[PDB]
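Form deposited in one PDB entry, single chain, as C-alpha cells, below.
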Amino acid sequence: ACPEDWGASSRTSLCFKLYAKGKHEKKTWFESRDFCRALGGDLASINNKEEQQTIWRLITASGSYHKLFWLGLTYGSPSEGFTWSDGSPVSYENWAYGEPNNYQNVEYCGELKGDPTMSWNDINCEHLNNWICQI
C-alpha cells in the first residue's frame, strides 16, 4: 500500500509523487535526489511501461503539461552509461529520439518531458527542474 497521496492501497500499487514548483523552488538533480532520499525514497525510476503509465496519469491529473521533471537517471562510469539513482537496472528505456546525446559533453542527468510521449532527455545536472519522487 502507498502512503496517502502517493498512490493506491493494493499490494501491487506503485508510489510516485510529482513535485511541480515555481522557479524559486525548482531544484538541481542532486538537490532533488537528496530531497526524495530524505523522505526515505529516491528520485523516480521507471522500470517498465506500467510505471510510465502511472506517472503519466498523475501528470494528466495535475492539469499542467510540458513540464520538465527530474528522474533518477544519472550517468555512471563510461562503461555503465546511465544508471538509476535507486540502484535498479536500466532495463526499460524511453529516451527521446536521438537521446541521450550528451550535448556539448556536459549532460549527465536525465529529465522527463511531461507530455504524452513521456520521453527522457539527458541535460545539465545543474539545471533547476521539477522532480518526481518514489517510495
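The numbering used is simple: start at 1 and walk along the sequence shown. Whichever C-alpha set is largest while still superposing within 1.5 Å between the two forms counts as the rigid core. Residues that one form lacks are left out of the comparison.
Not on display, but discussed next: the form deposited in another entry.
- Summarising the superposition on the core between the shown form and the other one, the listed residues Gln53, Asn101, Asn47, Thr28 contain exactly one with a Cα shift of 2 Å or larger, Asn101.
- Relative to the superposed core, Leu68 shifts its CA atom by less than 2 Å between the shown form and the other one.
- If you compare C-alpha positions, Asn105 and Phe30 are 3 angstroms or more closer together in the other form than in the form on display.
- Here's the thing about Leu68 and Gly87: their CA atoms end up at least 3 Å farther apart in the other form than they are in this form.
- After superposition on the rigid core, residues whose Cα atoms move by 2 Å or more in runs of at least three fall at 7-10, 81-107 between the shown form and the other one.
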